[PDB]
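Residue numbers (our numbering), protein chains in the order written: chain A, 1 to 85; chain B, 86 to 169. Contents: one structure, followed by commentary.
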Amino acid sequence: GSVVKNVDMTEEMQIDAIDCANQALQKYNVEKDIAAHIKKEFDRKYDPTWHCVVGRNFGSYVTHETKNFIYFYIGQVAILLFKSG
Amino acid sequence: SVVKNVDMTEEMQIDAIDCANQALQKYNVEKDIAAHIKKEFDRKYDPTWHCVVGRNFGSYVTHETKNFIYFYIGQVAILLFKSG
């Protein structure tokens, strides 16, 4: 339960981020694909544009001002999910 | 592997990495490591910064972040951000 989140990431959205991350980790093996599934699901449910990186071997990203985000873990795997640009 | 805001340019990123390396060199406990990075960024780049190191930290709800960097020192995650 170690989480950093924005005030606009309320319980329902946080529960959905955890559920989506669990669904992505259940379905896919490659961390880039896991991240992409979470990003796609949040664009669809909570409107674009979301970005997501999973684990610690991801492509670097320069973001414009984030307006909402959540940083959390599924076991040892970090998930950063944020809305920007 | 870094995610950062456009305002975290190379000099500030270099300082975040150096600060994190200095904190990990000096302190054993991840809460203290994070607090050292936060204190140094408040002093050098003005408050209010917040920092969490590793994956066993106290949760935090932040108001709109205006600058941040997410990066790793080996297997250890560092999230450093300015808000509230």
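Backbone N, C-alpha and C define an ideal beta-carbon position, used for all residues, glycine too.
Short CB-CB distance (under 8 angstroms) between residue i and chain B
i, result
"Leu25/A", "no"
"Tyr28/A", "no"
"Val54/A", "no"
"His37/A", "no"
Run of the beta strand (DSSP E) containing residue i, from where it starts to where it stops
i, result
"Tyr145/B", "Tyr145 to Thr147"
"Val138/B", "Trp134 to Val138"
Cα-Cα separation between residue i and residue j, rounded to whole angstroms
i, j, result
"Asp33/A", "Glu96/B", "32 angstroms"
"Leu81/A", "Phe69/A", "5 angstroms"
"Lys39/A", "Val161/B", "24 angstroms"
"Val30/A", "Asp92/B", "31 angstroms"
"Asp43/A", "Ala17/A", "12 angstroms"
"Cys104/B", "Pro48/A", "34 angstroms"
"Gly169/B", "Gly85/A", "21 angstroms"
"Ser2/A", "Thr94/B", "28 angstroms"
"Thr63/A", "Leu25/A", "24 angstroms"
Helix, strand or coil at residue i according to DSSP, with G and I counted as helix
i, result
"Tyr28/A", "coil"
"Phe126/B", "helix"
Chain A contact for residue i (CB, 8 angstroms cutoff)
i, result
"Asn106/B", "no"
"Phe126/B", "no"
"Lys89/B", "yes"
"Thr133/B", "no"
"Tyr145/B", "yes"
Assumed close pair residue i, residue j - CB separation to whole angstroms, cut-off 8 angstroms
i, j, result
"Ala120/B", "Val137/B", "With 8 angstroms as the limit, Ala120/B and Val137/B do not qualify as a contact, their Cβ atoms being about 10 angstroms apart."
"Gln98/B", "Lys89/B", "6 angstroms"
"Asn22/A", "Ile74/A", "6 angstroms"
Using a Cβ-Cβ cut-off of less than 8 angstroms, list which residues of the segment 150-165 of chain B approach chain D; keep chain order.
No chain D appears in this structure, whose protein chains are A and B.
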